[PDB]
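For reference, the structure is listed below as structure tokens.
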């Protein structure tokens, strides 16, 4: 997944994506993937947290309902 | 499903001098929002002149370091001599590309001395694309530390500044300061800084504490 | 006769002649001596030169940081065995992160060398090894044979005219144990010199020394590193 | 990435930028995107740096073996065909390479474009990379087979400079190579800031 | 499906319902889910019918060959181990929860549970199938140490009747098997022989 | 293993002066159901090594069988060499990484405790091949609930006695029973010292429920 | 133990151009029990002698005349176990032919396949 | 498709409808769904028709080889074991479901075999899209140890219920009666459905069709 | 008479019969001489032309393994072709993997590891049925300076200051023992090699009867041209 | 002539001479004996010291096939080591498959079948060793089996293999082993080994003793040094008169 390389370095438009150098951290690697609903008795609705907004997890990873 | 990868943090920095090479890393191993351990250095001594730093998926780092050790022993047996820093870099590039379709999630920086005695630094992408550099930061705080090394070591975006050759003491101070800043701003960097200094007199290790929060 | 051409053919006397011929192949090689003290294991090999303008053939090889061997017999067979042992040691260090015990390596060598002696179209390994190692059990001297049999030895010599060396080792085995490194190497050198004719003397050209110990990795002294060990050796008693 | 190569009366001019990007982050500004395969053969990097470097190193090994076996240097067409056949076996597996094989052989100057999709076309002028459209425009406006050597150098430098100006994944310095009958030469390596001073000023 | 094996001093008591369903349609209402693996070893099958049948056939084959070779009666632990090995080697391809119960000259009555995944554990009693969830509290509150064979049969019949009443995938008749040193005794409970519990009304 | 079926909860490890202590509850859960309440998740490897595992119990049984066979073979050789806790840890790391690289992982997180040559060993291996040593360990939910307390005590007092280590382990077990829904109040405590490996159980923790009246 | 067989032919040409192993197999056949086959206008009769060396044998246990299909029969002269092997192979070949073409194999086709074996 | 079978006091009665459909269109009005396995064993098929045909043919060939080797009458248990092992090792990719019935030295046996490899030994079984109507008929009227005529009537009633209550079944009723002394392959056994008689005539005469080119080849 | 024994049977003296027979086969080849000096390595081989209609330029008894390694062969040249190809492939593989040049010793070891890989049973199709019938003289310049190596089908390889292989290897080696010394220059080595070749060759030495190549520090493998050979043979 | 070159060839008399030659090779080795008593099995090997340079315990002819199974060998030592590896693999596989320790009879049968597999083809050579298997368990008691190069396996009360096995058998027959214990059987085995050894023919030997039984809690192990010294002293004093 995040190991994509050379797609965007060869053609500005096209299905292929990726730069010249492989870097999962720069290609949407989950890093610490936490559910927004972690630490909650109920699951959050889809789109509750807008991307780019300051979010504080309600609990650690693994406490998702 | 099943994910064969995980991000365990860790920043690796290397600076090549005129007669020295420095490889530095933090000693914090993590996963998600937790800390696995506070003493897990990312620097490994390969030969008397070469030190490698590996960050990323920790299982891949362990396997890759063990494979590199085995290959160095094989080379010493087959050729009756130890590998050079450039030979190690080329071999590591081949090893990383051998897993092109299931890559090692490792950020590799090789720091040491070349055949002329000058400091050599090699930076690797996970599939083996590498080049020789004078300084390089890799890992979770690479984007934080690289511009500062460009400004301070490369004297970039500066005018009326003499390009004085980098000395060992100044490089050590700079490495300590940049890792202090990284520990300030990066959540994966902290709990210690381990510095390996590669000179013609051997390899010297040093430890500097960082903040634990 | 008709029983001496195949390794799968027993003789009416209960013997296999191809194995004995491979033992003769081992006996054809130049003499080497292995001996150990309480803390060190030493291999001294008498190298041979094809001509006056040819370098003396390598006889001591690196296997691991704690294991080295000296060969006598077919050199290609020796290289095959050395590669197998190196791979086994590397696998041990990769899987368990510890040096492979010497006895287990020797058992693996014997198991590998037994297989060709029982299958049609194969031949015994025509090389004999002296193995010097150090591990948690201390120093070890081992001898392997083309018959796939191996021996744990206090001291041993294989190759041409090794009987005199074995006699000297028999004489001085009582004091081999408490010797220091220099004394042990001198004992090994005297045993090796016992294999040489009177007109021939030990020199820096035809002597190779391999040493492993508690605080010392396996090291080979070949040409100029041999002179300190050669210095102090008395003249041949005749 | 912007790499260009064109043939003219005095050989093949090869130019490239030196910026490598990881997402929106500039990983390196000093990448050697022109690969010196041999003293007579050149290659270019576009797409995956590791892919291009590895497969052109394999091509260099193959060319050296060919020279040893046949006691004669491989041709540009044969080298490009070898690279194309090598990369066609992994088609659809994710390799991203766009390269130009440039050299001089018994047929004169040679210039082939080879990509991981399987294309292999000989041509006069080529441009590969994300900034290849701008370089194409500038080069086509300024190209002629009868160009002088200094004029060809200026054209290649200007085209790469404009491509780096308009493309976000192109930058660093312009590396210029000239392929002649007796091998190639590394002409220069000029930083984009110096070129901006020379051109705008 | 509800299956149940209980151990008493002289041996074991096995029980199962007889309903096989394809969705909500009962394809076989008189199914026999108690499979004899050897003379004194039975197995209770739950999950995929094809997987359990194939595994039981293979274990019967292997155990018969092993017993013929050794000229000795097989151990219940050996049958459980064969089931466990087969169910663990193919845990991704099989859907089989097995209960192995039998009698041994060396060990007496034994109940082994091999659930999906391929783990093996010895228990005083075991329950499996989709209907076993409804009777966990009942067997927890009702089981006691030292029950005789008749008490074990009554306990198994009661638990199976409750599970069949509550579970839609369970029903039909109750098949019981008692295994001891003298041999194996089998019986079928149907109609009014099945224990009755009155429905609470008003 | 793609989908673990019967799983074990957190396993704790703690080094003290003279050996290591390892604790794990005796429950195997089938999802949310507490199905097997008398299983042992701690194994004795040899006279100097013990092992406790979380995750799929069938995979743990397979690994127990393989490790026991390895120990049997090595003792059959009888040449004076025995596997150290570090060697067992390295072999486990290699096996887990090999399984992960084939997309057929052993769904387990194991704690290796040992005492050889007068020094304690505590090792962690997960299903992905991530391994490290630490003075204290806690897998699963214990990494969030039990590890902070052990780390706090070790930060105040780096070296603990056996009694203090056992008391801290009991407190961590009580906290895990309070706050972990997949845990049980019936656990084992295994200790390795110069005298060997000793496994104690079943044990229960004393619980307070006076906040129910608040 | 080694499961490999000999990869060289045991039947080879002689200086006179004869395969003597085939001639010796023919001698083995000629030393066998008599067998007779007669094609009549409306059928074929296969006859052979089966005289056991003792009365302790069970005459009803081993049959020298064997059916291959519902319309093909076999009888031999020579070595019995070889005949058993060829009978098994002929039955398998006929069943394969029926599986492919869904009609019973003609006698000529089965004869050709057995001769090929 | 409606296939059914019962065990009566002296043997096996198998029944099937003779309609084959491709989607919602009837392709064959007289389809034989009862397959020969051995002179004493027959099989009714459902599912992928080609899979059923090939599986029944292969098992019949193997049983013929087995009976030729042993010299004895084939057993229904042997056919059941072969079928279930072959189906299981393909993990249901061979979508053949079968009603297997026959009489041997042990008596009459009836099996239902499913594509994944699971079998059931029952006194009466139904299969196909009309299986539930036939099963209702069986559960309403079946009694153990029926006579041959009563069993034939019951199987015909079950197949008729499947035919008249399922859109995938129709046409005629085929019966296979197996006992230790005889085998009765009744095709057809009943004809409950027929084409309606013509009320008029269609226009179809010589010369109605225009022809561009014509080529005639004389066969000697 | 030649099939009484397998390819891997020991003699009562401890020698494989086939290896000894290959050693015997070597002695039928043309003489080749290698001399190693501090200034480089020189290789000289007798071409041994059979007919004047033959083109001597097609005989290649000296080959370039790499830019810094050369090989002289004696015996069955068709057998040496595959060994030379293996050596070239090994050098290129080492360059690919490590971005450096092989040492002469490692190349000789890699070639010698193929010598005993023969046998009938337990062999893949296309495996060697017999040992090679060639002796190889490997001369090159690496970080340890110029070096000369000798290889034989027994699998043994040694470093040599000056060695001769082929039919006249006995007389040439005795001549090599006298003329050679450590302080020898490259020109002296070439002159002595040509003198010994002229002594041992049946035909008169000329620019077409012989091959001569040199490897020196800072210079690639260089095969002498006809004018250079004419210059060297001018005064001997 | 030529009927004795392959194990896949019968002699006109109906003999396989290669197996007989392997047995002859076995008959040239030193003597190892094993005695079964009412509570265990004791093994004793007359290990010849060919050279004084060899370490003590070198070329040991007693093996631990399993935790409960011991092996005493005679003949070619490399073949014996390969057969010990085969027996170890068989025991490990049995425990892996069926989940419990292999019975000694079953292990003996498996290893004997493996040995017999080498007496049928020209591609392989019959094993040049014969060995004994001893074990003890609560359920099965003491068991002792011997396997010869032909692949024949029998259970024994007292067995001897090697150069002097008829004299060793005569010495063993004087023992009422069915009522003795391992403690006395160790001394008796030592005495028999010292009796059958040839001082004139053989320069020196080591006495290798091992046992499995209730005194060892069902484990096969080397007889402890104290008991070994007592047994050696008793054997020497019994040789003297």
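Each residue's number is its place along the chain shown, starting with 1.
Even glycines carry a Cβ here, placed using N, Cα and C.
Copied from Swiss-Prot, the annotated features are:
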- B:30: O-linked glycosylation site (CARBOHYD)
- B:181: O-linked glycosylation site (CARBOHYD)
- B:34: phosphoserine (MOD_RES)
- B:40: phosphoserine (MOD_RES)
- B:122: phosphotyrosine (MOD_RES)
- B:134: phosphoserine (MOD_RES)
- B:176: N6-acetyllysine (MOD_RES)
Short-range recorded positions relative to chain F, from B:30, B:40, B:122, B:176, B:181, with Cβ separation under 8 Å: B:40
Residue B:181 (O-linked glycosylation site) and residue B:34 (phosphoserine), Cα-Cα, nearest whole angstrom: 21
Cβ neighbour count (within 10 Å, all chains shown) around residue B:34 (phosphoserine): 14
Residue B:122 (phosphotyrosine) CB neighbourhood, other CB atoms within 10 A: 25
For residue B:176 (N6-acetyllysine): DSSP state (helix, strand, coil): helix
Distance [Cα-Cα, Å, rounded] between residue B:176 (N6-acetyllysine) and residue B:30 (O-linked glycosylation site): 21
Fewest other C-beta atoms within 10 angstroms, as judged across B:30, B:181, which are the glycosylation sites: B:181
Residue among recorded positions B:30, B:40, B:122, B:181 with Cα closest to the Cα of residue B:134 (phosphoserine): B:122
Lowest local Cβ density (other Cβ within 10 Å) among modified residues: B:40, B:134: B:134
Coarse DSSP state, helix versus strand versus coil, of residue B:181 (O-linked glycosylation site): helix
Pairwise Cα distance for residue B:30 (O-linked glycosylation site)/residue B:40 (phosphoserine) [Å, integer]: 10
Length of the line joining the Cα atoms of residue B:40 (phosphoserine) and residue B:122 (phosphotyrosine), in Å: 22
Rounded to the nearest Å - Cα separation of residue B:181 (O-linked glycosylation site) and residue B:122 (phosphotyrosine): 24
CB contacts for the residue listed as 'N6-acetyllysine' [other CB atoms within 10 A, all chains]: 16
